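Asks: Structure of the sequence below:
(2 chains, ligands or ions: 5)
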Amino acid sequence: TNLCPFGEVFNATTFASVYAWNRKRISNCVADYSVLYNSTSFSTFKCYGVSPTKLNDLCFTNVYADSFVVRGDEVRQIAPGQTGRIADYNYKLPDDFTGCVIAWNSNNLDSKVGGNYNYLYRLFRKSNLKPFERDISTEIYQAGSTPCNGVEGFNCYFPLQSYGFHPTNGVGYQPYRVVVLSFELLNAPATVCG
Amino acid sequence: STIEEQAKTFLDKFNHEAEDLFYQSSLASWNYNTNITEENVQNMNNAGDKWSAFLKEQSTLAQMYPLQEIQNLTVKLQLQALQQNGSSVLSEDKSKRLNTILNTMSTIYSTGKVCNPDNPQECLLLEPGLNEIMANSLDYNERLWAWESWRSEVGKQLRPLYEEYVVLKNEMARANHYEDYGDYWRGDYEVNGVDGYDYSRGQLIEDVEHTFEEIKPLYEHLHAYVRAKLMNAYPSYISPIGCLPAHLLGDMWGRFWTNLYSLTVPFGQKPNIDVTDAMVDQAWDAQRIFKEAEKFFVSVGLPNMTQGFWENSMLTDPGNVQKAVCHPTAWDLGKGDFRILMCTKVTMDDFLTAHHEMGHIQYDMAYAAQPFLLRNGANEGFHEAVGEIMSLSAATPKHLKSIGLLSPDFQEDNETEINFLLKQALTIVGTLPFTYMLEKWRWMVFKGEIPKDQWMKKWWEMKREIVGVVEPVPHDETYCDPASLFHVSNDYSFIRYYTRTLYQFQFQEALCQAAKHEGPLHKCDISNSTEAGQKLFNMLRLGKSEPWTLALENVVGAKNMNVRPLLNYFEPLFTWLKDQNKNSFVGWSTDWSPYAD
Ligand SMILES: *[C@@H]1O[C@H](CO)[C@@H](O)[C@H](O)[C@H]1NC(C)=O
Ligand SMILES: *[C@@H]1O[C@H](CO)[C@@H](O)[C@H](O)[C@H]1NC(C)=O
Ligand SMILES: *[C@@H]1O[C@H](CO)[C@@H](O)[C@H](O)[C@H]1NC(C)=O
Ligand SMILES: *[C@@H]1O[C@H](CO)[C@@H](O)[C@H](O)[C@H]1NC(C)=O
Ligand SMILES: [Zn+2]
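Replies: Numbers count the residues shown, from 1 in each chain, chains lettered A, B, ... in the order given. Ligands and ions are numbered 1, 2, ... in the order given. Right below this line is the structure:
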């Protein structure tokens, strides 16, 4: 009957990259999303399947909280049935998503003078990812047909680009920390509700 | 596996690299522009060199993609914009020679200074002294001296440099499978591979010549009226049927006739509209000016400026402890960062310049969704036209009455209307013959139709035939008078101003038809009209991803330039001149010269 460690995933000093997003397994506790909804500091909370106030008096087996950093125009791609760079090559969400994403501007924390390039995103890939799949490999992406043996050359280049986050960037280019809450149902007994 | 997918991936990588690099370059240049030191210039030059080296490497990598197997129009346009090798197509020594010639011409122009032998120790440069003499002085001898002295100081030193520049640019263009450098310039308006909206590089010549043939009567009436007024001001120096002397056009070259308003005012007893006093009384500052401009722009349905614009842009003179080159410019640094750097004073001129720069910023915000290489106007004349139409709408007495800067008891009559129209015509209609003549001369020179021993002769006879301006002193072939202009000696195209002047009136007439404006066009205003705002945005957000003919059709319904809107705008002034010139001559003869005795 303890509180779920939401502060460690929401108030972490650093966030994972979008291509290497971290998944936290939260269970065996109690959770209250009322303060999370009424925080009013988040610029995006959009889901279809459960209401923010109805998911409180309803509990599941396990929950997953994925966190990463994207641009401002790239927040819309974190949603079911969406396409693009992040939806295909970085973060794929299925159509049957029972949760939604919490996004908020973080230009003051995740952007410093000169550009905060600690956040990277996968730009090219041979195919799209599966739901909840993650690819951390750094093998050189081959665009043509001639082999190049993992070196920078024609049609060969490193398949990871760093986000350039400046404090004076536009709203569509400011680092938006996205927290994705996913919920699922299995035969396991309910562990987290109060 | 085809060439299409490989080109798409290459462009996708180039976009996400060049965006960051260009953003860093622009950020360094801005930090230099708001805080000018030596280390700031060092940082700015380092960032610009990084950006240029990256661009060269990417163009080299792109040159290895055959464009003949490219099907997508957008991918083809991006690959074509990136594959412009330019100065690298020549050898190394020839490229260094060309760069040396360009820098030498730029330095000779920017550091030029000439003065009479009365005292060779004290005299001013072009910008602060010669422009003032050309604008404000009314002495024939002083203006003639300044004109001839600047010509003999600049053109005489630029003539062989400009000839070598011409032959080197011709070689560069013929190495790029172009007919000449003028063809490389005209390639900005060329559209290929699109049916119905295609455009060649001689089609532009024909369109410009046709539009100027249509303009000729209005400019002829304006020229006759200006000549009559100047002969009333200069009694012993102007002929009844002769052309206009070059040194009496209000500036060093005669590009604009704005400074002839004091000499050519229709009704001097009627004071022109000036709302600076109402701004001073109502405690208007730079922030208030820009807020009113934003309110005007959102009235037509365009989105307001972002928070970063107000937080980062320099709207006032930053004191005196630190210097800043605050010429009004609209900054599109990329990655959603738009700024305006301008020392805004509480005047009406700055009130209109604010609207101009806000129009530039709105056009920049419009096509931000386009890829990096497709973030620009439809051609080199859409940005300035979109900027000028907003100032035109803001300058009307109706808008000044609506925002409170004009009292409701103001009596808008035909006299102030004629005064404002004549000022607008001196600003606008006076530059079209000069621009057309200069671009035609440059084109004919690059095309080889003008040999070296006839440059100045053909230039001045084209002046007499087209512009109606006769040189005050006889010039032989040792002069290079065309190179005295900034845009010529610094390798800049010049037809963009003609296309801007035509497109701005096309846009204005289209929006006024969409806004259901009743009455003359010079009294039109687009404020409080979301229909015309949406019609404009439909062309704004295109960028250069579609043929400029399609972007023009998206607003005016035509696939080419149209000059009827300009005449619809200036027809009250036209009837006024037609009634005023009934007792005078309208035209000019090429035989008379100011040195003929
Ligand atoms: C993160 O810290 C802020 C400030 O103390 C607090 O208001 C917020 O509730 C914290 N986040 C969570 C999930 O508790
Ligand atoms: C302007 O530049 C100088 C030297 O580069 C620096 O010392 C100064 O702090 C700068 N001004 C501001 C406001 O930062
Ligand atoms: C060109 O590529 C873009 C990339 O998404 C695509 O949207 C567009 O339909 C393509 N055009 C053609 C004519 O294939
Ligand atoms: C626009 O309409 C509003 C409301 O009718 C009015 O207050 C405002 O003065 C109008 N502005 C212009 C420029 O017509
Ligand atoms: Zn401008």
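Asks: use CA for all of it now, contacts and neighbours both
Replies: OK.
Asks: can you tell me how far the residue nearest to the spatial centre of chain B sits from residue B:560?
Replies: Residue closest to the mean C-alpha point of chain B, counted by Cα atoms, centre = their mean, is residue B:497 at 4.3 Å. Between residue B:497 and residue B:560 the computed distance is 16 Å (Cα to Cα, to the nearest Å).
Asks: Residue B:293 now?
Replies: Per Cα to Cα, residue B:293 is found 31 Å from residue B:560.
Asks: In terms of neighbours, single out the busier of the two.
Replies: Applying other Cα atoms under 10 Å in any protein chain shown to residue B:293 and residue B:560 shows that residue B:293 carries more neighbours, namely 25 against 17.
Asks: related to what we said a few turns ago, settle this for me: the residue nearest to the centre of chain B is touching residue B:379, isn't it.
Replies: No: with contact defined as Cα atoms under 8 Å, residue B:497 does not reach residue B:379; the gap is 11.4 Å.
Asks: in stretch B:485-496, what counts as buried?
Replies: Neighbour-count burial for stretch B:485-496, counted by 16 or more other Cα atoms under 10 Å in any protein chain shown, picks out B:485, B:488, B:489, B:490, B:494, B:495, B:496.
Asks: Sorry, wrong one. I was asking about stretch B:398-410.
Replies: For stretch B:398-410, the neighbour count (16+ other Cα under 10 Å) marks B:398, B:399, B:400, B:405, B:406 as buried.
Asks: What of stretch B:445-453?
Replies: Across stretch B:445-453, burial judged by 16+ other Cα under 10 Å covers B:445, B:446, B:447, B:450.
Asks: One more: stretch B:42-55?
Replies: Quick answer for stretch B:42-55 (16+ other Cα under 10 Å): B:43, B:44, B:47, B:48, B:50, B:51, B:54, B:55.
Asks: List, one by one, the residues from chain A near ligand 1.
Replies: A:6, A:7, A:10, A:11 (Cα under 6 Å from any ligand atom).
Asks: Of these, grab the buried ones for ChimeraX.
Replies: Here is the ChimeraX command that selects the buried residues among the residues of chain A next to ligand 1 (16+ other Cα under 10 Å):
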select /A:6,10
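Asks: which among the residues of chain A next to ligand 1 gets closest to ligand 4?
Replies: Proximity of the residues of chain A next to ligand 1 to ligand 4 (Cα to the nearest ligand atom) peaks at residue A:10, which lies at 45.5 Å.
Asks: nearest residue to that closest one other than its sequence neighbours?
Replies: Distances taken as Cα to Cα, 6 or more residues apart in numbering or on different chains place residue A:179 nearest to residue A:10, at 7.7 Å, with adjacent residues excluded.
Asks: Could you look up the SS state of the one you found?
Replies: Look at residue A:179: counting by DSSP: H, G, I helix; E, B strand; the rest coil, its state is strand.
Asks: can you tell me how far it sits from residue A:84?
Replies: 19 Å.
Asks: These two: who's more crowded?
Replies: The residue with more neighbours, out of residue A:179 and residue A:84, is residue A:179; 22 against 15, by other Cα under 10 Å.
Asks: Return the residues in contact with that one.
Replies: Contacts of residue A:179 were listed using Cα atoms under 8 Å, 6 or more residues apart in numbering or on different chains, and they are A:10, A:65, A:66, A:67, A:68, A:101, A:102, A:103.
Asks: The residue in chain A that ligand 2 sits nearest to and ligand 3, how far apart?
Replies: Going by Cα to the nearest ligand atom, ligand 2 is nearest to residue A:113 of chain A, at 12.5 Å. Residue A:113 is 33 Å from ligand 3, where distance means Cα to the nearest ligand atom, to the nearest Å.
Asks: now residue B:506
Replies: Counting by Cα to the nearest ligand atom, the gap from residue B:506 to ligand 3 is 30 Å.
Asks: could you list every residue that touches the nearest residue to residue B:318 once chain neighbours are set aside?
Replies: The shortest distance from residue B:318 to any non-neighbouring residue, by Cα to Cα, 6+ apart, is to residue B:324 (7.5 Å). Residues near residue B:324 by Cα under 8 Å, 6+ apart: B:33, B:34, B:35, B:36, B:317, B:318.
Asks: change it to 7 Å
Replies: Listed by Cα atoms under 7 Å, 6 or more residues apart in numbering or on different chains, the contact set of residue B:324 reads B:33, B:34, B:35, B:36.
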